[PDB]
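Coming up is one lone chain in structure tokens, specifically the form deposited in one PDB entry.
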């Protein structure tokens, strides 16, 4: 991976991110808050694979004439990559509280730690605020400063809108399948995950590289939102049919009344007898009642529909790279495609 090359340099820069967000050394009065902020950063922004933030860095290598990769330019790319990870950490701390999740990456969610609770709401907002403090501290003089601020702000808004739509669509506690439509599913994915996950990191790299034209961004967006769509559809598939060792942790999507790609397809493909069997069994705790939905999906050959979808989507993404990548190097999109397929 072009990712395992930049990784150590990215994780090591985190120490600097933290030092600089804590050192408010002129103001001793707020010392205790700043220590809490340190703890929030370290618990919530560390632990994952850093795919989104690393993408900022990789794409920045690929886009900027290598003679303009002076030590400070890369300082800035590492920082902006960390900004994407902090935005992510803000979303997830807050989502975990809204979902009443227990763990995140097999670790206890921050709001469930003894003594944190709902104070995590302020902590989450502090994660988000750290983004603009870093952008100012590192990128204030740069011609892309305002472009980046607007990008991060816009990425928050799109994600929050998507979250609202998700929350209206699948309220934990209300089995209503009439809400689970293909259009709604696509819409949730695009706003809630694809913009920040796929558009944001590439677009940030673009602006840092001086590539600020609206059409270029619109062109990169069209490719990258499609990738985000596929990426989430594959997550929904693996959640149930992923070999749970190769994958991670067993999936709870059906139990949670999620607007999964699977239930969406199931509903489109269903005798009126089938819809009832789903109305009855979907969103339940009972293992044998989730084993029964798994069998209704298997019986509808949705794994084959998925495999069929994964191939079609792969050709489509390549047609899109062909058509919309220029004048960015196609490898910017292709590295991403390779990681997700």
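Numbering follows the first chain given and starts at 1.
Counting the unmodelled positions of the deposited sequence between residue 23 and residue 24 gives a small gap of 1 to 3 residues. Averaged over their C-alpha atoms, the temperature factors of 77 to 85 and 178 to 186 are higher for 178 to 186. Averaged over Cα atoms, the B-factor as recorded in the entry is higher for 297 to 305 than for the other of 297 to 305 and 49 to 57.
Per the PDB record, 257 has a higher Cα B-factor than any other of 257, 164, 101, 158. Between the residues 248, 228, 114, 210, it is 248 that shows the highest Cα B-factor in the PDB record. When the modelled residues of the chain are ordered by C-alpha B-factor, residue 168 sits in the middle third.
Per-chain ranking of the deposited C-alpha B factor places residue 143 in the middle third.
Placement of the Cα temperature factor of residue 44 within the chain: lowest third of the modelled residues, per the deposited record.
For residue 268, the recorded CA B-factor ranks within the highest third of the chain. Only modelled residues enter the ranking. The deposited CA B-factor of residue 71 belongs to the highest third of values across its chain.
Not on display, but discussed next: the form deposited in another entry.
Where the chain switches from one rigid part to the other between this form and the one not shown, the hinge residue selected from 242, 184, 69, 303 is 184.
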